[PDB]
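Engineer: Heads up, the sequence shown is in my numbering, so the first residue is -5 and it goes up one at a time.
Beta carbons: idealized from backbone N, C-alpha and C, even for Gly.
Mind having a look at this structure? Questions to follow.
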Amino acid sequence: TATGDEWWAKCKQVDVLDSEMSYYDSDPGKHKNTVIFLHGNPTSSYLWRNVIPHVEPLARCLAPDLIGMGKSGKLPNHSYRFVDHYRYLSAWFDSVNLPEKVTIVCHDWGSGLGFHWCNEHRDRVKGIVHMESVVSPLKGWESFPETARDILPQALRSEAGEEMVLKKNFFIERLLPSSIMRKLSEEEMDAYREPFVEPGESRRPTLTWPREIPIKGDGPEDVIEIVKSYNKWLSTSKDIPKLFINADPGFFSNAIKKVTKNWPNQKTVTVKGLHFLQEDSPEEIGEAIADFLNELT
């Protein structure tokens, strides 16, 4: 199912600041119940292709490609830091005729952006669904999941990051399949490869993202402070219904379950998967989001 071109034929484009962003939108401009799906690294809105159909009968579903990723525009200055993504994503939020409140569904760096957007736009949030998410700064390279303890310091956050990612597409060719339980069809793999076909700066988003991970003591301090701030808000957010979709065995999920154990007003459902759990349990994730929306209403 689902070529890259079939998925992106369903998506529209919108000008955003000095560039353009691609996004899925099941109901352009409608102010009915609305859900926004945010992917992370190194994926795109394609990641949600099998989840969204379970939610669409209840809600307008939007799923943007983050700037520099999917079919969204590439930036000539190739500056793809968290604050740069948040600039373009915030403008996108203001450009797609959203209703007064929305539910955010987010994954990985999509949750970093989504949690931050929510923290800055608190009266626009009717619920948050998060999975394999960025819920806290990390204490050190020790609190990272075991399969990546060495991958993140050495290599990507090093001088060697450029050659592994920009030249040999390490995040797409190695990391992505390494945290999916099944093996992707080459159709699905080509859909993930398409935004980063050309070697060089086109792949810079997949290298800047691991360099943004908030490691206390290392940095970056600006992301560390963004994450601490929205963690503080989330941990006392009694009025914001939350659904944590726990991946078993997961990647970040074990650590997230601990960070969020006492978060008020958070329900947990568990599904099978590693980090990219949408590729192993999209049906269960979609039906859990559908249940969550019905509880909100």
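#1: State the DSSP-derived secondary structure class of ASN27, mapped to helix, strand or coil.
#2: Are the beta-carbon atoms belonging to residue 346 and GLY64 less than 8 Å from one another?
#3: Below 8 Å, can you find three or more Cβ-Cβ pairs linking the region 268 to 278 to the region 80 to 90?
#4: What are the start and end residues of the beta strand (DSSP E) that includes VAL129?
#5: From the DSSP output, read off the bridge partner residues of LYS261.
#6: Any chance you could list the alpha helix (DSSP H) runs of at least 4 consecutive residues sitting entirely within the region 187 to 212, in chain order?
#7: How would you write the range of the alpha helix (DSSP H) that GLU215 sits in, first residue to last?
#8: State yes or no: is the C-beta of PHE245 within less than 8 Å of the C-beta of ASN35?
#9: Along the chain, where does the alpha helix (DSSP H) containing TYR80 start, and where does it finish?
#10: May I ask you to report which of helix, strand or coil DSSP gives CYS112?
#11: Would you say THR262 and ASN248 are within 8 Å of each other, going by their C-beta atoms?
#12: Below 8 Å on the Cβ atoms is my guess for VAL96 versus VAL29; work out the distance and round it to an integer in Å.
#13: Could you compute how far the alpha carbon of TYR74 sits from the alpha carbon of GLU206?
#14: With burial defined as no fewer than 16 other Cβ atoms inside 10 Å of the residue's Cβ, what is the status of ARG143: buried or exposed?
#15: Report the rounded CA-to-CA distance for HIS33 versus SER39, giving the unit in angstroms.
#16: Go ahead and pull the three-state DSSP assignment for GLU140.
#17: Could you give the distance in angstroms between the alpha-carbon of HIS115 and the alpha-carbon of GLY23?
#18: For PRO47, which residues from the same chain have a beta carbon less than 8 Å from its beta carbon, with the 5 sequence-adjacent residues on both sides left out?
#19: If we ignore side chains and look at the alpha-carbon of each, how far apart do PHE270 and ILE174 end up?
#20: Express the C-alpha separation of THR141 and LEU268 in angstroms, rounding to a whole number.
#21: Measure the alpha-carbon distance for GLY194 versus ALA282 and round it to whole angstroms.
#22: How is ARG168 classed by DSSP in three states: helix, strand or coil?
#23: Closest by CA to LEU41, which one among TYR18, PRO51, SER229?
#24: Just verifying my parser: in three-state terms, what is the DSSP assignment at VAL253?
#25: Among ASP212, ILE209, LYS252, which has the Cα closest to the Cα of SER229?
Structural biologist: Checking against the coordinates, here is how it stands:
#1: The count along the sequence shown starts at 1 and reaches residue 27 at position 33. Coil at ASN27, not helix or strand.
#2: Missing from the structure shown is residue 346; the chain here goes from -5 to 291 and no further.
#3: no
#4: For the purposes of this step, residue 129 is taken as residue 135 along the sequence shown, with counting starting at 1. Premise fails: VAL129 is in no beta strand (DSSP E) and is neither H nor E.
#5: If you number the sequence shown from 1, residue 261 lands on position 267. Its beta-bridge partners are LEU237.
#6: 198 to 205
#7: Translated into the one-based positions of the sequence shown, residue 215 becomes position 221. Taken as a continuous stretch (DSSP letters only), the alpha helix (DSSP H) holding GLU215 covers 215 to 229.
#8: The sequence position of residue 245 within the sequence shown is 251, counting from 1. The sequence position of residue 35 within the sequence shown is 41, counting from 1. Contact: no.
#9: In the sequence shown, residue 80 corresponds to position 86, counting from 1. Its alpha helix (DSSP H) spans residues 76 to 87.
#10: Position 118 of the sequence shown holds residue 112. Of the three classes helix, strand and coil, the one that applies to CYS112 here is helix, per DSSP.
#11: Here the question's residue 262 lines up with position 268 in the sequence shown. Here the question's residue 248 lines up with position 254 in the sequence shown. No, these two residues do not count as a Cβ contact at 8 Å.
#12: Within the sequence shown, residue 96 is the residue found at index 102, counting from 1. Within the sequence shown, residue 29 is the residue found at index 35, counting from 1. So it is a contact: roughly 7 Å between Cβ atoms.
#13: The count along the sequence shown starts at 1 and reaches residue 74 at position 80. The count along the sequence shown starts at 1 and reaches residue 206 at position 212. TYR74 and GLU206: Cα-Cα distance of roughly 10 Å.
#14: Numbered from its first residue, the sequence shown carries residue 143 at position 149. Burial call: exposed.
#15: Taking the sequence shown and counting its residues from 1, one reaches residue 33 at position 39. Taking the sequence shown and counting its residues from 1, one reaches residue 39 at position 45. C-alpha separation (whole angstroms): 6 Å.
#16: Indexing the sequence shown from 1 puts residue 140 at position 146. In the structure shown, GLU140 sits in a helix (DSSP, three-state: H, G or I).
#17: As a working mapping, residue 115 is identified with position 121 in the sequence shown. As a working mapping, residue 23 is identified with position 29 in the sequence shown. Roughly 20 Å separates the two Cα atoms.
#18: Here residue 47 refers to the residue found at position 53 of the sequence shown. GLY280.
#19: Residue 270 sits at position 276 when you count from the first residue of the sequence shown. Residue 174 sits at position 180 when you count from the first residue of the sequence shown. Their Cα atoms are separated by approximately 6 Å.
#20: In the sequence shown, residue 268 corresponds to position 274, counting from 1. In the sequence shown, residue 141 corresponds to position 147, counting from 1. Approximately 11 Å, taken between the alpha carbons.
#21: Position 200 of the sequence shown, counted from the first residue, corresponds to residue 194. Position 288 of the sequence shown, counted from the first residue, corresponds to residue 282. When rounded, the distance between both Cα atoms is 39 Å.
#22: Residue 168 sits at position 174 when you count from the first residue of the sequence shown. Here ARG168 sits in helix by DSSP.
#23: Walking along the sequence shown from the start, residue 41 turns up at place 47. Minimum Cα distance to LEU41 is reached at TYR18.
#24: Looking up residue 253 in the sequence shown gives position 259. Correct three-state label for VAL253: helix.
#25: For this step, residue 229 is matched to residue 235 along the sequence shown. Of the listed residues, the one whose Cα sits closest to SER229 is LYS252.
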